[PDB]
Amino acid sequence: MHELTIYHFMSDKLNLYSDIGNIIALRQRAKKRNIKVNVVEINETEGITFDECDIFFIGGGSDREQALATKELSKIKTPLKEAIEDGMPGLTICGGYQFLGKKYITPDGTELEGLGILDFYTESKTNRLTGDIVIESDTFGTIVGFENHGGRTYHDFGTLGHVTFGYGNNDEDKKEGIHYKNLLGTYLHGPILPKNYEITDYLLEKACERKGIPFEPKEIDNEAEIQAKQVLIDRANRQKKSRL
């Protein structure tokens, strides 16, 4: 069967959000399209190259582990940015998403440098944005998850969609994450991918066409995913009706 290769960056330090569940979702959706997925864990960047990478993944760590991850990743800031600029599919989670930008400001005003891949910043506050979150996307459908972050991210790029329940990137926008080219970033937990199969299939499909291999069958069984989403959709609505 066909193969696809995932670069999983700093899997050792950036391990707070059950990344393995995102890996499993990608392995299983691709396996139902007869595609084998090999994951390359990249915790040391020395002359690493994106030639052999189909999808990259950066998880989230603590503030201290993020800064050290950023320092190691900055050794390939330009091979990474030029890969993203070439449409390389990627998923980034919480801190792995925040440090794509210029800087991360801790609640006490402390300023941590990001990769600076894209021109945005995040500033944390002590009172967190926490709860169920329901998003309506025109690319990913209904995205459903759990959020819990002190960081307020401010960017003028496209997002994963409009937030009908919850917060998203910040207190005001009602917009979640980032969608630039094939690079996705998000604050969602769950992890994000198991329920949100349109996101999983988007990444697999972009990597399949760039490699020239097929992505068939395109429409498969999603009943369990949709039933898991519906729990949070129903509960969000209840919380809306119980706020009158």
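The first residue of the shown sequence is 1; numbering continues from there.
- Taking only CA atoms, the mean B-factor in the PDB entry is higher for 9-17 than for the other of 9-17 and 223-231.
- Of the two segments examined, 78-86 and 150-158, it is 78-86 that shows the higher average Cα temperature factor in the deposited entry.
- Comparing the listed residues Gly59, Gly47, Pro194, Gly185, the entry records the largest Cα B-factor for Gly47.
- The top Cα temperature factor in the record, among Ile199, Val40, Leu26, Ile178, falls on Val40.
- Sorting the modelled residues of the chain by their CA temperature factor places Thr110 in the highest third.
- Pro217 sits in the middle third of its chain by CA B factor, as recorded in the PDB entry.
- When the modelled residues of the chain are ordered by C-alpha B-factor, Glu72 sits in the highest third.
- Remark: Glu136 belongs to the lowest third of its chain, ranked by C-alpha B-factor as recorded.
- Annotation for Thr126: CA B-factor lies in the highest third of the chain's modelled residues.
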